[PDB]
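Structure first, then comments.
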Amino acid sequence: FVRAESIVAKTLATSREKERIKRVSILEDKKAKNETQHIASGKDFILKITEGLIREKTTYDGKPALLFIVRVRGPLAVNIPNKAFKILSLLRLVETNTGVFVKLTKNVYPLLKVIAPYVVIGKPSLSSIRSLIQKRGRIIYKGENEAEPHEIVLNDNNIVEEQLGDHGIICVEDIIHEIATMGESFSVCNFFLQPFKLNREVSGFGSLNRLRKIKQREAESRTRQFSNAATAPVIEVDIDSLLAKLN
Amino acid sequence: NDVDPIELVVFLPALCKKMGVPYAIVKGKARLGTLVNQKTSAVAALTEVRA
Amino acid sequence: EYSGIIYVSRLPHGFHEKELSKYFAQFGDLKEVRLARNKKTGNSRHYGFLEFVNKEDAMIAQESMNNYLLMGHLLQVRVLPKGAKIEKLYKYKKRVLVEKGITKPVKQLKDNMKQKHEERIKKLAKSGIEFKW
Amino acid sequence: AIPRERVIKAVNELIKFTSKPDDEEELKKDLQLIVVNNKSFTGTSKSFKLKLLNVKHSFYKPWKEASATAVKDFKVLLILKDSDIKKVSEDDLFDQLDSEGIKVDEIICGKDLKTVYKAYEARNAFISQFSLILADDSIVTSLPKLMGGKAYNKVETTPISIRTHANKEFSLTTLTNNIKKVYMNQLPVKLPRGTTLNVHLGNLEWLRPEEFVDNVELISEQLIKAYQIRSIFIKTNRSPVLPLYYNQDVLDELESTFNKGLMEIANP
Amino acid sequence: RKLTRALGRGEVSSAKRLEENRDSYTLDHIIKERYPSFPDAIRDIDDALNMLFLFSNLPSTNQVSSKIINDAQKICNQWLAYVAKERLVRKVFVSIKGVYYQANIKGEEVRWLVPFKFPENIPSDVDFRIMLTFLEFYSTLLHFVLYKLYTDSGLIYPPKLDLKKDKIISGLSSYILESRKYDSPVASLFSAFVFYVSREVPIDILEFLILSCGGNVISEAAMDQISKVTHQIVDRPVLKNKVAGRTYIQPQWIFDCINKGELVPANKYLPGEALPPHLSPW
RNA sequence: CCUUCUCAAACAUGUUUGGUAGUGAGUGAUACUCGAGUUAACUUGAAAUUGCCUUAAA
């Protein structure tokens with residue numbers, strides 16, 4: 001059975017999400033034309049939240065940056081709109097506990113503004129990148145005797161040498177180098193790597209785990225903010241500590 | 001509703017009706033106890049509420 | 001006596017035609033679902049009608065949701081008498097404004113506004129309001 | 001712009017029309033300025049932001065000094081941010097606005113609006129009792145959902161934005177300066193999506209006819225440089241319109257980075 | 001049971017207080033009962049080291065938690081830092097399963113296995129609860145042994161770690177060891193040597209071996225985040241231009257020199273020539 | 001049984017510009033601009049009978 005309260009709550013939340021995405025899209029069209037006489041703000045803001053918590057709202061310099069994007073569960077009782085679903089599917093974030101690397105530029109900022117309530121966005125450090133690749137590194141590889149390809153771990157450097165060696169990538173360390181430095185064949189390496197399947201920090205349904213879930217929800221509510229303001233800064237959190245808990 | 005001995009609340013609906021007090025019979029003295037931080041509670045009352 | 005027609009009122013903001021259909025198809029098959037909406041703005045008038053294939057299903061839905069407290073709204077559900085087919089409840093959209101053409105030439109419309117000003121002057125003179133020109 | 005003798009005669013005639021010998025003894029003595037534009041004022045976009053027109057003479061001080069014999073007396077509401085509501089108190093406004101005779105009865109915030117006055121009846125009862133509602137320009141954009149659409153059907157209940165932040169921090173001095181400026185020098189006007197715009201100059205007993213003449217002349221002189229107006233009228237309630245302006249030349253004005261980002265984030 | 005009662009009643013603050021006002025069991029008395037002698041503990045820590053290095057390499061799952069894995073990695077890094085600083089390694093053998101190290105700790109030969117930094121798949125067929133119980137016991141035992149070893153050497157236990165070096169390369173170099181000649185020739189090898197380890201080379205293995213047989217290591221991988229160089233350790237089929245003042249070699253030279261004890265001549269170890277067999281030291 | 005655009009630039013604490021699209025129903029006066037768009041102010045329980053992604057899981 002389905003309750004009328006659940007139906008109406010889903011309807012209202014989905015309508016507000018659609019309103020937010022529509023306003024963001026209108027602002028982004030105005031910014032793309034870049035000559036509109038009437039606009040609230042015409043620049044990109046980054047809200048870095050660190051730890052009792054401190055938030056710095058800076059501008060976006062415009063230079064490319066490296067981001068790690070983690071798909072988290074979205075707002076409650078919200079049917080995901082088509083635009084956000086399209087961007088998440090293109091980013092390969094169809095399911096939660098899944099992470100990707102993104103090269104952020106001026107044309108990447110509006111997509112992050114659109115998909116803000118469904119992802120945690122951070123700046124990954126070198127140690128976190130290396131731990132992520134050496135701990136959870138998977139590829140879709142087609143064996144010569146295999147009728148259909150399957151997903152195996154990134155265990156052999158010979159496979160890397162025979163798939164990306166022509167681009168100049170011989171090993172996992174070279175993949176790590178290109179991902180970290182945002183250099184040549186960054187897209188090639190980032191799509192050779194499968195999306196990273198992280199494990200949940202709190203799992204189970206005993207009393208200890210339910211109390212830990214309560215604490216985790218409290219912490220996430222304190223950290224993450226839903227501005228719904230059509231000019232909201234992209235929020236950057238401590239992805240190092242997040243990946244330390246998730247891996 | 002599940003008060004034993006029942007005489008402790010058997011007069012309460014009639015008293016509430018005579019005094020014009022809105023009342024409701026609910027299932028669970030244990031539920032009322034969780035309301036008032038007790039194991040059980042035979043009754044609960046809202047007297048003054050916030051704006 | 002009684003029909004298979006249900007009148008619902010004191011609806012919340014999010015309760016619309018598809019929501020009512022999805023909720024009451026659980027109670028039974030629905031011939032038609034309509035919602036009273038405003039003509040110029042796309043806003044609900046907080047009431048509507050539904051029609052069950054089975055009047056028994058309509059009566060069950062009424063005795064189920066007659067006084068249902070929902071998001072601060074105490075819903076009201078009535079079973080309509082025999083007949084009274086639901087009609088003239090169009091799903092309006094949000095209308096918009098747009099400037100049309102003006103076939104009157106500039107000279108004609110300026111002359112018309114000057115004649116209107118003269119008529120205002122005549123009205124002021126008739127009223128005993130001594131305004132110049 | 002507007003002839004002084006013409007506007008003096010118009011104001012004298014309108015004040016003479018009321019004093020020929022319910023709410024009939026209160027609403028029929030309100031002076032209104034009608035401005036008729038060639039095209040739509042704001043355009044195709046509905047506007048809820050009130051335009052502030054700055055004048056020489058005070059407008060709310062006569063309202064306060066005349067509300068002593070009014071059933072609905074003069075009231076000012078101040079709206080501030082949730083993080084800013086704890087930095088100020090009623091003494092901090094009294095000591096800074098007592099010199100000019102400015103009093104703020106109630107200060108609320110968005111949390112107060114969303115919790116205390118969530119219900120429509122309580123919200124209407126709270127909103128309708130104030131005559132000048134001022135809001136921080138930070139929180140003014142959320143107010144169509146908080147104060148509702150019934151609060152925007154009147155000029156006096158439509159919120160006014162003020163600049164309470166100086167150098168990206170809330171400043172009591174800047175707040176008081178903006179409040180004083182709004183109270184003394186400027187007036188609120190509703191810009192419509194049509195062509196007919198209404199300005200409430202106030203009551204006939206609030207100010208002298210000379211003050212009304214000076215205020216309306218300054219309003220016309222500012223509005224001419226603001227927008228290309230077409231016609232100007234002065235009226236009282238239940239009275240016709242007295243024209244004051246006529247011009248001709250303003251009439252003849254009648255006659256993929258999204259896909260770039262998708263390409264950047266997609267490999268094939 | 002009482003926490004379940006608090007959560008069921010909806011008293012979340014009381015549940016938090018109940019969770020805070022609890023004390024877990026410890027295994028120190030069991031450690032002292034089972035190992036009356038520090039040499040006995042030293043002669044039994046081999047399986048403990050193997051299990052800890054295995055569990056420091058796994059990814060977090062539903063059964064194996066990030067806190068447990070991070071604690072195991074921390075204690076493994078402490079052990080590696082102590083061995084590197086006291087310069088106690090004697091034998092190294094790189095087999096396809098992993099790297100077998102043999103170090104002389106207090107006159108006792110201790111051999112352990114370290115897997116490579118690759119994502120090994122979990123069989124989902126093993127008794128993980130039994131293995132985690134063994135991991136708890138091994139962690140307590142190695143805490144006791146590491147405290148005794150650090151205090152005997154005259155160092156602070158536990159040593160503080162450097163946050164920036166931890167965020168650059170999370171290895172044994174992040175733990176700086178503070179206080180308050182070695183035995184020839186394995187420790188004396190690579191003295192006044194600076195090795196530029198190239199990107200393709202396993203940095204943890206090479207750096208630990210060199211630092212245990214003391215020398216300086218400059219890592220090409222660590223330079224990604226942003227003169228005195230003598231040797232450069234590379235492993236590539238095609239090498240670019242070489243500086244005339246730097247000796248270029250392959251990682252097997254380090255292993256063979258460590259197992260030989262002497263300085264095996266490097267003319268046989270070149271990037272463009274075949275290597276001699278990597279013989280087992282046992 | 002969800003929870004609301006809580007702000008920006010530019011010049012010297014001041015000045016300018018931009019940012020706000022609403023519960024429904026009803027009463028009403030009065031003028032203005034080409035069946036359309038505006039204009040004083042009054043009522044009401046959140047009122048009402050029909051204008052063709054899934055470990056927020058069992």
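Values below: every heavy atom of this structure, side chains too, minus hydrogens, waters and symmetry copies. Proteins come first, then strands; the chains are lettered A, B, ... in the order of their sequence lines, and each starts at number 1.
Of the listed nucleotides (F:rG14, F:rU50, F:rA46), F:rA46 has the atom at the smallest distance from the side chain of D:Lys118. With F:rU15, F:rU6, F:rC1 as the candidates, the nucleotide lying closest to the side chain of D:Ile139 is F:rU6. With distances taken from any side-chain atom of D:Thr174 to the nucleotides F:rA46, F:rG14, F:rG22, the minimum falls on F:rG14. Nearest to the side chain of C:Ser9, among F:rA48, F:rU13, F:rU6, sits F:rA48. Of the listed nucleotides (F:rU43, F:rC5, F:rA41), F:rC5 has the atom at the smallest distance from the side chain of A:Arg23. When the nucleotides F:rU4, F:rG22, F:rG51 are ranked by their closest atom to the side chain of D:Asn153, F:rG22 comes out on top. Candidate nucleotides F:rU23, F:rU15, F:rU6 were compared by shortest atom distance to the side chain of D:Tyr120, and F:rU23 ranks first. The nucleotide whose nearest atom lies closest to any side-chain atom of D:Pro144 is, among F:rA40, F:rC52, F:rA21, F:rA21.
C:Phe49 meets the ring-ring contact (aromatic ring centres under 6.0 Å, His included) test with C:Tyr7; sequence neighbours excluded. Remark: A:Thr14 engages A:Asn79 in a side-chain hydrogen bond (donor to acceptor under 3.5 Å, both in side chains) (not counting sequence neighbours). Residues satisfying the side-chain hydrogen bond (donor to acceptor under 3.5 Å, both in side chains) test with A:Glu17, not counting sequence neighbours, are A:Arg20, A:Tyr118.
Across all non-hydrogen atoms, the minimal contact from D:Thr157 to D:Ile133 is O-CD1, 3.6 Å. Of all heavy-atom pairs between D:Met147 and D:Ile127, the closest is O-CD1, 3.4 Å. Between C:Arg37 and C:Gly42 the shortest heavy-atom distance is NH2-O, 3.6 Å.
Only the P atoms considered, F:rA21 is 31 Å distant from F:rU13, to the nearest whole Å. Only the P atoms considered, F:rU4 is 15 Å distant from F:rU23, to the nearest whole Å. With P as the reference atom, F:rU27 and F:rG51 are 15 Å apart, rounded to whole Å.
Backbone-only engagement by D:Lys181 is indicated by non-hydrogen atom pairs under 4.0 Å involving sugar-phosphate atoms exclusively. C:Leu69 comes within contact range of at least one nucleobase, with a heavy-atom separation under 4.0 Å. As judged by a 4.0 angstrom heavy-atom cut-off over every strand, D:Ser40 is placed among residues making no nucleic acid contact. At a threshold of 4.0 angstrom between heavy atoms, the contacts of D:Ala119 include nucleobase atoms, whether or not backbone atoms are also involved. Among the atoms of the strands shown, none is found under 4.0 Å from any heavy atom of D:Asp136. Nucleic acid contact class of D:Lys29 (heavy atoms, under 4.0 Å, all strands): none. As judged by a 4.0 angstrom heavy-atom cut-off over every strand, A:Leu93 is placed among residues making no nucleic acid contact. Residue contacts shown for D:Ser171 are limited to sugar-phosphate atoms, with no base heavy atom under 4.0 Å away. Across all strands shown, D:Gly110 has heavy atoms under 4.0 Å from base atoms, whether or not it also approaches the sugar-phosphate. D:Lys168 comes within 4.0 angstrom of sugar-phosphate atoms only, judged by non-hydrogen atoms across all strands, and of no base. Within the nucleic acid shown, A:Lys43 comes within 4.0 Å of sugar-phosphate atoms alone, with no base atom in reach, counting heavy atoms only. The residue C:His73 sits close to a base: some heavy atom pair falls under 4.0 Å.
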(request) Can you check each nucleotide of nucleotides 53-58 of chain F against protein heavy atoms at under 4.0 Å and return B for base, S for sugar-phosphate only, - for none, in 5' to 3' order? (result) BBBBB-

(message) Protein within reach of the bases, or only the backbone? For nucleotides 32-39 of chain F, mark each nucleotide 5' to 3' as B, S or -, using heavy atoms under 4.0 Å.
(response) BSS-SBBS

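The base of F:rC5 is not paired with the side chain of A:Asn228 by any donor and acceptor separated by under 3.5 Å. A donor-acceptor contact under 3.5 Å is formed by the side chain of D:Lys49 with the base of F:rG19. For F:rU30, the base has no donor-acceptor partner in the side chain of D:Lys28 [N/O atoms by modelled type, under 3.5 angstrom].
Sorted by residue number, the members of residues 42-50 of chain C with any non-hydrogen atom under 4.0 Å from RNA chain F read C:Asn43, C:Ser44, C:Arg45, C:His46, C:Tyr47, C:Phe49.
Looking only at distances, no side-chain donor or acceptor of C:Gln62 sits under 3.5 Å from a matching main-chain atom of C:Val79.
Between D:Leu175 and A:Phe45, the one whose closest nucleotide on RNA chain F sits nearer the 5' end is A:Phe45.
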